[PDB]
Each structure stands twice: as structure tokens, then as C-alpha cells.
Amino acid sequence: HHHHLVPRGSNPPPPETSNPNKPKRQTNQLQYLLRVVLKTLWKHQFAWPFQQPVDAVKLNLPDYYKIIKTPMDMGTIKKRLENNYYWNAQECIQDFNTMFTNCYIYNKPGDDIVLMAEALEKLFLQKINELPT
């Protein structure tokens, strides 16, 4: 709206969460990623800002998508795991890493959201360290 004084930043469509063209392939590592890693992060007191795609309009981050080219969030990851979108653990780990990276490159060091990301990432990496073979 020309009426706006403060810029608004529009949102992309959210990331895809299923892929009709891949077989339904379950592994112990993917089960662990959903049921141990994602679940432990999801229930953490700092998870809530990470649980859905960044809404740059509702959160007043009008420059978010200028800075972040590959958005990712734990809601998308959770859905991708539940839908068997991933071929392997590495692909899921990549999406968690993207989510954390986005936070670290958009927000200033020391920002509260960065401190939250750091606590979550520590837990994530602890859990990853115990990935079943």
C-alpha cells in the first residue's frame, strides 16, 4: 500500500514439504531426527520463534528476504520428516543448519534471538553427536 510509511516485506511461498516423486524410505537415523532431535528442540522454551516460516510482515522484518535467500524453519523440517521428504539424515541436518545460519546472518550478534538460536543449536549438535549408526 502506498499508504505505508514503514516498508513492508512480502513473504515467499513456504518451502515444499513433500515430494510425490521419491519412494517412502525410512531409516533409524531419520526416525531419530524426528523423534529425538526435532522433538527435543520443539519442546524447548526457546523453540517458538523457530516453529514456523518467518512472516516478515507480521514480525516487522521488511528486509528479511533481501538478506535470507533460503528460508528454513523447524515446522518445515518437522513436516519434511513426517512426510519422508528426505533421502537421508544429512539432508535433514542441512536444513537445521540452514535454519540456524539464517538467524546468525540476519540478526546482530548478541541479539536475544541469536542467544536463543545458540542454545537450540547446542542441543541440536549434542543430539546429532549421538546419531545411531
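Heads up: residue numbers just count along the shown sequence, starting at 1. Basically, rigid core = biggest C-alpha set you can superpose within 1.5 Å across the two forms.
query = Which of 24-32 and 63-71 lies farther, on average, from the shown form in 7 other deposited structures of this protein once the rigid core is superposed (C-alpha RMS)?
reply = With the rigid core fitted, 24-32 is the stretch that strays more in 7 other deposited structures of this protein.
request  = Could you tell me which of the two stretches, 54-62 or 34-42, has its Cα atoms lying farther from the shown structure in 7 other deposited structures of this protein after fitting on the rigid core?
outcome  = The answer is 54-62, which departs more from the shown form in 7 other deposited structures of this protein.
Comparing 96-104 with 40-48, the one whose average Cα B-factor in the PDB entry is higher = Comparing 40-48 with 96-104, the higher mean C-alpha B-factor belongs to 40-48.
request  = May I ask you to compare 23-31 and 75-83 by their mean CA B factor in the entry and name the higher one?
outcome  = Taking the mean B-factor of the alpha carbons in each, 23-31 is higher.
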